[PDB]
Every structure is written in structure tokens, then in C-alpha cells.
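Letters A, B, C, D, E, F and G mark the chains as written, and numbering starts fresh at 1 in each.
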Amino acid sequence: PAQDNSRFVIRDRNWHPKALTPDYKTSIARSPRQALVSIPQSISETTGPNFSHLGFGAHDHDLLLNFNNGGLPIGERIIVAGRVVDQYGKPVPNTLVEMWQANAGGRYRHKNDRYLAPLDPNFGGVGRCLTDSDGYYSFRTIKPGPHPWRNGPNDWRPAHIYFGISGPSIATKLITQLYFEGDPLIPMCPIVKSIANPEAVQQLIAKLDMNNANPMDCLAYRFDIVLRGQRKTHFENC
Amino acid sequence: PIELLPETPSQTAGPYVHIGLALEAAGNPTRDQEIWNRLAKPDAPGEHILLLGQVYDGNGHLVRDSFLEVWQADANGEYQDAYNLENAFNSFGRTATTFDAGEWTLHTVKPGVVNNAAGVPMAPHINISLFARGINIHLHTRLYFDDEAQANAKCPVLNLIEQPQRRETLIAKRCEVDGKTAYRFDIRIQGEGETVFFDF
Amino acid sequence: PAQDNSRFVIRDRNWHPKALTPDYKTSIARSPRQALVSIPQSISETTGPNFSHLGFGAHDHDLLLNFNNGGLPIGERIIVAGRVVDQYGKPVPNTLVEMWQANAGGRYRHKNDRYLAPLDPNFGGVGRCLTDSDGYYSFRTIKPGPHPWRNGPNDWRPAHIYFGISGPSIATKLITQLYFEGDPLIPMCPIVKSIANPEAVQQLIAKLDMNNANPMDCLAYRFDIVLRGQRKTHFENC
Amino acid sequence: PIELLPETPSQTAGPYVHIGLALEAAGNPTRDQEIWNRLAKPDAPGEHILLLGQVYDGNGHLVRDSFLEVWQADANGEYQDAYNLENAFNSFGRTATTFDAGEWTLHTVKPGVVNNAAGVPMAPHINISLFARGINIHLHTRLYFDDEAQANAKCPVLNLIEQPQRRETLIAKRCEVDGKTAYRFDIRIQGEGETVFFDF
Amino acid sequence: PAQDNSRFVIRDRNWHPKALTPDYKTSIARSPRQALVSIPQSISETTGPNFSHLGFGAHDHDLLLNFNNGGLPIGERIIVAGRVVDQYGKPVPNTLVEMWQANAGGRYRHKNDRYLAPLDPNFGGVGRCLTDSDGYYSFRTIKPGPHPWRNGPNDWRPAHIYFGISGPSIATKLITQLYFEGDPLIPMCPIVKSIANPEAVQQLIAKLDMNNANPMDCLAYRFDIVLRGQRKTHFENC
Amino acid sequence: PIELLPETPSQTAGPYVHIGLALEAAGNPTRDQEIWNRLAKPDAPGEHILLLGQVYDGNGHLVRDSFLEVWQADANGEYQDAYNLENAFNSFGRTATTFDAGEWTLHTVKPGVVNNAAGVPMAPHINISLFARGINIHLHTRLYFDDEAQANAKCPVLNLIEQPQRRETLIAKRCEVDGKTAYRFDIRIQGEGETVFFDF
Amino acid sequence: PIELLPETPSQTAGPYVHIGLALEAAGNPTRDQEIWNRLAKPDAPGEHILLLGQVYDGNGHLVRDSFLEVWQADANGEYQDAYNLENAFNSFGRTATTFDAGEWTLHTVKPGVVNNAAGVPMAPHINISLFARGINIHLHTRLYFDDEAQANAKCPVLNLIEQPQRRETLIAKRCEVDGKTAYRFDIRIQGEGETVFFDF
């Protein structure tokens, strides 16, 4: 079984978005009004699932082929790749990375999305993979379109892909959203702007990566992820 | 001071989180292996329990698009990190609220006692992370059991909650669902009876 | 018939791209090596077709509906609108504006395009309209995807839409390409860079126009066009 | 000095120009009304002529993806700007080279004489703008007629070409195609026999 | 035998010198006038020779002893050392590095060099070695002197040493010239200036490296070489 | 966008390239092991062939100081990267033009067929890199064989050359030289008959 | 992106709004023509109705200085923009709360049905803008009618309110006042029963 042998750098909750960010309207009723209660890390917080023996399908990381109903999906073919490291710069190998997104037109394959842009019969919108032994992951997909939503009267999400990353413990687990270099919708979005620090926003912007592209085939974007720094215990209980 | 690389900042899981993390709920086909809400095969040791709950916003209305992740010790008080659908028990699982009724369920066993970092026993608990539309960074909580009053009273984690009344928000209620032992654990994100959320 | 009653400001051929721009490889063999021969403007150069009585179909300016084969095209719904003026700032009313583009995936509906990204059965890629009496035009379409092409070994066009504008004479007629705000492919493209002056490149970049968008429906981009300034003749033949 | 708004800069029409401007050639359906290569209904006055040509690059190879726009006076030396498919004659038209043979064609009448701005007659001519992949800004030229030698000799536009040998590059050759009067006008963009291109 | 399991980042041919750089007069007649034809990488381009089992003489890397005719060569004794890496920063081990140069007076040991400065009887001017397991190479030599040449009427090469580097494939192979920190000839040289970007020129300038010198014996210069980035293939043929 | 470390920029190999890379030719003593123009020992399997050629500049004059590196498959269409002077065959070699007649020679076997990355067979070819004074970055080309005309017509690399006429510049001409099979491959850097050069 | 001229920013109407907009209420003489709370003369077609209401703050106390503007369709569901005190009916009016009891009143007809931009019928409604000291930008709401329950259940505007409970805040209660049909519409700016406010 798992052991308590490490500690995780405390989160900066002014770097992360705060709970209450009223321009993102749904956060008003869904943010606690009491302060979070700080507790010391124990084996409960410092361990978590390892997914080495989860059985992945052949196309689980390839959205151009994992919803195949007779053709290729329509849209901009891209590889999304990067590295998962901790705050000390250590790679995070064999970690679960999951991603989901709308299609090229900003339509999600979810019963609750009624946006008038059509579904793509050959696009599902979900992928998963493990980072390799050096902490790298990669997916192939189509670039998602912006999605309008009922926040303000003319609010549109920038093109974005959701990411969930397990990391080595439940204390490191994170869901975030990737945005794309240059998207003029990024400065305007109340969800992006739930993050107060402009330098933190920049950390969510994937960069065009011509070096990783397949010529005559697909472009590529690079999105690196940093999880809480992990260190050994020292001088505890003495 | 020493400044490390900043952590990637959190964002909401959004209303369509189930596309990626709860494929059935999205209305979509599942893959061969999914991480879901059954932590115990029937033959796993320990007391088999049904867990269930609803999640309420600050206006007392159901949060119908919640996504929950849970992490718990097996009946022997050991965390099992080697996730495998062949295992009799996994310490990790996922669940989500129905869009209609707003209820999530988990199938598990009651966790055994585990010690904190100072060697003090914690009361049996399940660690819970809650994600949804409108939640910018996930909320951490713990589910404890109302039939562990003696242990709960002595838990060094519960005892860090300054107001005793707030401790009650983390105690799940034992009941029976179809002749089988169950606990209800509702979460109130905001307002009267607001659930304690942790930072660590 | 038409009359010679106006003169057009001479083109700045260092503002326009030069003929020979060797990084755009096809320009090497298709650029003259002799200097252009300057001639004075006459009725031949200073008149041109007016298309007021060209009969346009109902959907000729609407690419979401003008290639309808049972559904909507997949991709980012956008309005593209702007004003056509001359260099003096005068609007250019009732002028022909034609546009064409690839689909959301960078695939053109042309027999010669064999790029592996699929065609969209409900997308054709051509539109036309006349500017209104104040010089405004508008189209509805999907945002085109980048298109790889056999120039250098890893060359990709930014998302672009071709435009042709008649204006009041054959001397004003222009074909150009519209690019989209923030596209990180723009600085890298040898066709964009056939234009030497960075300020001229900026003139081809359409800006996100939230003010003209339809909420819950389509975004909008604004692309204004400036044609050669037109003035009356003065002091000629005396 | 006085600086006006800069003109929008030109870009190549690209290899798929026919999608937008020559729908048949792209392999695509046409719309009800198209601007194309027939400037004259059969009953229009003047001498009915077939025009045709090929376009060569600097290595002497065919430019198979050329797009051409033409502007010419009617037989009476008048420019007709009111474009209408009901007209017996339009002064404007479009054509393109076949991808296979590389030949464009126009169906028109021989234009009448028009005076320059100083009142001097120009020889009969058709104004041509040439667009293609690899051409960053369109090339302007004129097609004159080899059976107008006397007028050509006196044309104040031809006479602005400094070298007489270059004048010959703008003179189309009279022939017959199926018993009907035709002129061939080839364009050489670059090199030996390079066609004169104009700026105005 | 060799396999096709890697791809090499496409060259930036505006960072490299162009073929036609007329101030370097011989380039006028020895530059193509047609554009290069881009072709996709295959095993023909992504493989190349490995010289691990080429047999080196004891003094192959040591130009102070490899043309010994009774004494040491005259001139500034120096070590030239550095690392060969690729664009991702990865060391390039066991790669062949060859170098050649004029003597202390700018005279080459070649039948065709008739510059009036004398040959040195104990200097040949050629070295070779393999990089070590960590990508490092090392030569010992004499600092070459400037060499006049029949380009312009008073042109003089800065002090320079030629380098040839094989790397992992024929796609990475490179010949270049090393120049020396602070040499005032460098900005005036039409061969240096065949490279249009000043930052690129700076990448050829070896830096005085006192840390690597042998006191009372020889100075040292450091010259690191960057070859094209190598990556694994991904998502090809699917 | 992502910017990696920039590659070290190329410079010309210069007129005295031979002293570093073609020691015999410089007029100088050779080392015990040199990389030179004999890719195949008499015992290597495959058809033993002589290759020879001259290099011309844009004025039609011999480039008497060229240096060439070659890379080819063995007779089985396999590339042999383990370079060793003890090998019956090496896939790599070097040659240079004589200052007197300006001819280079190579002693090799005809390469077997290799597929491109898409699995389509390439006609037999030798990869060539050409260096010299006046060449700021080496020119890449390929030598194909005129006795492989049917394979050459289907080569997906030759077919990337848009104009069929230019493909001819890459086809070496078979001849007999002292009773052995030979091919001449002349390279024209610039002008009429300019050899195709590749970027990859 | 495209940035237009910025709109002039709002400021509170202040506690003395009445001197500019509700002259009677300020304690002041009125002009010959005032825009006030009688939208319908006795002769206007439609069901004549009295509307009345009070406004509460977040502490449950009356807002005794509120100023309200209203906009509604006539009995045919047509908006009448040509404001004239000679009209039997005007679509626009103003009212204010008494400083003493804090009640506003309006004299009008029940509006007819109007469709949204998509052609779907809206339940009968009055559009309201609320101004006062402490309100930095006016609050928009709508008054619907409790005797239109079946129409209200299908209103595509009421249906944009995610929680059914909040829709109830917009439904005025029918009563009789001195033998005439009346509806009470109370507004709670903040807290329990907070009235829905719109942005458009």
C-alpha cells in the first residue's frame, strides 16, 4: 500500500482563482462564505491513485480516431503535447492526464449543450493518456471553436480544452483549462479572469509549436503543466 | 525569498465535465475501462456500504452537475494506490449527481482507522474533492460516520475545526437503503449549515 | 457609356508586395524581370464595370446556407463585415466584393487540393455581395483553418479568406487576403511577408468585433478595405 | 508631405482562385448569374472574334492556373460599364486557363478606337489583368491586333514603350479557328520575349 | 542497419546564409536561381554515418604534434573545446568533428594558396575527433592569422577555423567557420555577412575560456555547436 | 510560439576544404584511415558501378574545387550506418573534383529500393551534398539512374518536382568505362539545365 | 479587437431625483405637461388596471425614495412610442414611492402578448427600471401577472431564469381595490425573495 513519505508545497490561493469571482455569475452561489480550514498533511492527503494498470484503448489519446463513424472530424488538426513537472522542476512520470473539449464549431457532445452549431458525427471530444517516464504527454485532436454561454448577454469562451491531471497525490490533483496563443477572446473571458494575476493567466496559454508539427498533416501546440512541489519530510515529531 | 515555479492555476471543470470524466452521464459511449463509483467488488473484506448525497448551492438549490472524486483506506486502514479494475478493492473512485434528482452514489466498504503524521488515530473517513460549474478550484472535504461517535470526538482533524457545531457538517447519517447499510452525506457549499472545506 | 472624369492616386509598389519575393517560391518564375512601363491614365484605365444589375442569389453572401446539403457546416460561425473606402476616406458604394476560403479544417473545395483534412458536405467556400450605399459589406461564414502547402518543408498559411474588390475602375480593382487577429502563423508566412512593410501587413488583419456579434449564435470580425484615392481632373491639356 | 490613407496591399489570388471567381473550373456548381468569357451575344454589332492564349513562366512552362480579367470598348469605341447578362455587349469579362492544355478563350467583338486624355486616338486594344499563384500583385497588359498595323504604329501608349522590339509582345496574331476569325495572344511573364506590363 | 525513427526540425534558411550574397563575389555564379524543392523526411534523410569505429591516430586532435618535422609550430598555443548539442539541448555524443585552418600567419598548407606569408614546417592545419559520451570535443592548435583574399580590393578574413560536424544524420551535417572573440575583422567580412541576422553571426564567435587554459602553456577558446533538433515520429500514416 | 535553440549557421567550406576533408587532393600526407570514394570492396554483393561527374557554375565553367558527400543504401535497400574501413560496404563516402579536369569519381554498388515514410517505393538513388567556395550552405541533390526509367517515373520524390523537364536533371547516364558499368552525373548549379536541389 | 466610444457611465439618481423627474413629490410646482403614472385614459381599449407596490432593501426596510420608469405594450401587444398627453394610451410612464407609506401606483391597461425575436410569445409583462439613492446603475425587471399562470409557464424570458423559485419574484398578485382590478408588485432589492433583475 501507499506510504506517507512526502510533503507538498502549500498552494498559493491568490495565484489560483478565488472561489468568489462574481463576473463569473455561477460562482456567486457556489463559493463558500466560510474560510477554508487548514489541516496538516497526513497519509490521507499525501497519497493518491496510480493508474499504470488502467487499460487504455489504442485511440484513447487520439480524438481524430476515437469517435470514428465513417470519417475524419472536420477542423484544424493539431497535436497537443507538453511535460508535467512539479514546482521543483521534477518530471511527473506515469501520471493520468485527461482532456475534453467541444468540436470545431464550439459544440459539446453532451445532452445539456443546445448551442445551435452542429455536432460533428466523427468527433467525440474526450481523450486520456499517461505521461511517459520523462513526464511527457501527447494528444491529437481538432482545435475547438469558441463557445457562447449565458453569463453576460454576449459572452464567449475562447477556444479551450479542459485538462485533469492526477499527479502523485490527491493534494496535487488539478483540473484546469488550456487556451491558445493569440486568441483575442482570452482577455475578455470572465472565467479566465477568475484568475486575478495576469502572469498566472499566461501559464494557461498553449504556444504554437511548429517544431512538433507534421508537415502537410497537422499543427501542434505545447502546454506544460506544473503541479505542487514534492519534498521529503524533515525534522518531524522531534 | 525562494520562489519555485508557480503551480498551473485551477479553472472550473464546467457543466460538461462528464464528457471527459463521467462518460455515461454525458449521454455518451463508455470505453472498455472507466474509473467510476464502485470501489469494492462484493467479495472484498470489510463492511459493505452504500454512500449517497446531494449538493446544495447558497440559495438552497440542488447542484445537479457536480463531479466528485474520493480517496479512502480499505477496511484494514491501508491506502491502495495501485488502481486496477481487477482489484477486489480500490481506494479511489468517482461519482456525479444525476441531472434529474441530483443524487450521487458510491459503493464501497467502511474505511479502517489511519494515523496522522504525529501517530494519532484519525476517525474513519473518506476524502472528497468536489468539482462543478461555478467552482473555480475544487473543494476538499471529509465524510465521517455517525456510528463512530467515540472516534470522531477524538479525531485530530475534526478537532482543528474551531466551532464544534461545524464538525457536525462532516458526519454522514446511517440509514438503510433496500435492507442494506447506507450513509447519507449532503454537502452545502454556502450559507446555513455550510460544509467545512479544507486547505492542505 | 462610361466617361473619363477622374484620376486615381498612383499605387505605392513598395507598400504592396513586390513581384519577386523568393521565400514565396512560386514568385521566382512568375515575376517579370523587366521594369513595368508607366502610362498616363486614360478612359481605358479610369473606368470599369458596375455590377448593380448583376442578379445575386438569396444566399450568395451567406456561406452557412449557400452550399446546403442537409445541414449546417461545422466550424466557428462568424460574420465578416467592414467598409470599403478610398484613400481620401470616401465610401465606395454599390461595389462588387467577392470572397473565397477553405473550410474549418483548411481544405478547399477545389479538385487540385489534396490536403488530407476532409471536405465538409455543407460547406462550399464562396461568397459575393455589393457594398451598400454607405460602402458597407457583410458575409456570414465559418472561420477557415490553416492550410499547409509545399513551399518550405513545414509551411502553413494562417487562417485566411481571399477578397476581390472591383471598385470604380480597373485601376482600383484588387485581390488581397484577410487574416485574423492574433493568429501566431501570420509572422511566419512567406506570402504575408511578400509585403515588406510591417505596417502594411497590419492592414490585412481583421479584428474581433464583439459589437457586431449575434449572442448565442455567431462571432464577428471587421475588415475594412481602402482602394486608391479618386479625384477630379484639374488643369489638363492647358 | 500630404499622406493619404494607405491602400490595402495586394496578395496573390492563389491556386484556388477559381473557387471564388471561375466556379466551373474549380469543379463546382455555378450560380444563376456568373461573370464569364462571353462579352458579346451573337447579335451584338461589330466584328465577332475569338480570342485565345497561353501564359508562360520564366522557365518557359505553362501557367495552368491563370485567372484573367478584361476590359474593352464596344465596336463603336465606347466603354459599357452597366454590367448585365441581358446586354448584347458587356465591356468586362473573365477567363482562366484550362489545367490540362493551359489555354484561355474569350468571345467578343473587336473594340473600336478610343482617344487618350490628350485627344490622341489609341489603337484598338483590350485591357488585361493577370492573376495567379506566385503573382503577388496582378499584371496589367494590353492586347492589340496585328491587322491594325497603321493604328498600332501611331498609338501613344505603344509609343511609350522605349524599345520597339518590346512593342511586338502586345500584338495578337490573326488566325482562323473553325472558319471563324481569331487572335492568339500569348503572355510570357518572364525572360525571352517577356510581355510588356504596365503601371498606371 | 539504420532505421527511420526520428524527425529533424526544419532549417531556418533566413538564419543560415542565403545562397546568393553578392558581396561574397564567388557566390553570384555558384548559387541556384530556382527555388529549392522541399521533400518530406524519409530514411534516406534521417539516417547517416556513425564514426565510432573510425580509427583515429594518437595526435589527430592535436595540431601542435600532428605535423611534427623537428619542432613545435610557431604561434599562439590554444585549446579549442566545446559541446555539440541539438536544438532541444540534447548532447550529441560520439559524433565526428573535423577542423582545418591556416597557420599563425594566415597561410594554408594547400598547393593553391600562394599568399606570401610563409608556411610553418611544423604545422599542417587539420584535426579530427569524436565528441565524448557527453557531447564534448577538444582540439589543441595554434590561433590562425587573418588571410587576405581576392574578393574586394582589400578584403581580409578574420582569424577562423573551419568545422565540419556529422551529427546523427545527413540532415544534421554542417560545415561552418569559428571566429574569435573581439576580432575587429569580423564585422567587415563579406563571408561573415552572408549571414543576415547579427544574432546568428554571434553564434559563430568562440569565447576566450580562461577556465580551460593550461597555465604557463596554452590559452583556450570555447565554441558550442547546435545541430537540428531531433524528435521521435508521431501520428504518421494515420 | 515555441522557439528552440537556434542551429549554428552554415558558412562556405572554402577553396581549401581539401586540407581538412580530402587530404590527398590538398597535396598533403594522409592519415592511416581516411573517409574517401570507395564505398564497396570488390567482394561486396550487388552490381559494382563507377560514378563520375563534373560540376558547373552559372557561367558554364567547371567548379574545380568542389567537395561531395554521398549517402546510399546497400544492394538490399538498407542503409549501413556503422562506418568501418574493414566493411565490404559502407553507405557513406566522400569525393572531390580534380583541379585539372574537374571530375569526381566514386566506386560503389547500385543501391536497392527504399520506401518513403508513407511506404511508397523510391527509385534507386544516391543522396549527395555539395560543398565549395561560393556555396554558403551545402546543396542537397539525388543521383538517380537512367536504366531505372520505369521506377523513376513512379518515384514519389521525383514526383514532387512540379515540372517533368526538371526531373531529367537528376538522371545519371549509363555508359561503359574500361569495360565496367559507369554512370555520369553532372551538376549545374545555376542557369540552363540547373540541377534540382532539395530542402528537407 | 474593435473598441467603440465608451458609453457615459451611470451614477445614482440620488435622494432628490424627484425635483427633476417627479416634481409633485419633491414638494414643487409642476409644469403644464408632465410624464407621470397614468398610461391610460378612461377611454383606452383594454382591461383597465391599477398597479401598486413597495420596494424593500436588504434589511427588509422600505425604500421610500425610489423612482420607477415603465414601458409596456397596449392591449393589442403593440408598443406605442409616440408619447403625447393627448393619447388615450401611452406605452411609457413614471411613478415614485411615497416618503410616508412608500407605495407607488400606476394607472394602465393590461398589456397584450408580444413575441420575442425568435417568434415565441412572451407572457403579458410590464418592463420596469428602478432608480434610487444607493442604486449606482438602474435595475431592470419585469412585472408579470398571476392571472396569466399558463402563459407565464411558457414565457421564454421567465424560462431563462434557471431556478423556478426565482420566477415567482416576478409575478404580481391580483386583488380588488375600491372595486377595480389591481395587482401588487413588490420588489426586494436584496436578500430573501430577492427580485430577479435583468441585463440586456
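Annotations
Here is the rule we use: a residue touches a chain if its C-beta (ideal position, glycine included) is under 8 Å from a C-beta of that chain, and two chains touch if they have at least 3 such contacts.
Counting C-beta pairs in contact across E-F and across A-G gives the higher total for E-F. Inter-chain centre distance (chain B to chain D, centres taken as mean C-alpha positions): 76 Å.
Inter-chain spacing, taken between the CA centroids of chain C and chain E, is 47 Å. Inter-chain spacing, taken between the CA centroids of chain D and chain G, is 68 Å. Each of residues 59, 61 in chain D touches at least two other chains. For chain E, residues touching at least two other chains, in rising order: 9-10, 13, 33-34, 36, 38-40, 87, 229, 236. Pairs of chains meeting the touch criterion are A-B, A-C, A-E, A-F, A-G, B-G, C-D, C-E, C-F, C-G, D-F, E-F. For chain C in complex with chain E, the touching residues are 22-23, 25-26, 28-29, 150-155. For chain G in complex with chain C, the residues that touch the partner chain are 1-2, 4.
Residues of chain E that touch chain F in their complex: 1-2, 4, 9-13, 15-19, 21, 24, 26-34, 36-45, 47-57, 60, 85-89, 98-100, 108-113, 124-126, 162, 164, 170-171, 173-177, 191, 194-195, 199-201, 203-204, 225-229, 233, 236-237. Listed in rising order, the residues of chain F touching chain E in the complex are 4-21, 23, 26-29, 31-33, 35, 57-59, 61, 63, 65, 69, 71, 73-74, 78-85, 90-92, 99, 114-119, 122, 125, 127, 129, 131-139, 142, 157, 160-161, 166, 189-191, 194, 196-200. The touching residues of chain A, counted against chain F in their complex, run 181, 207-212, 222.
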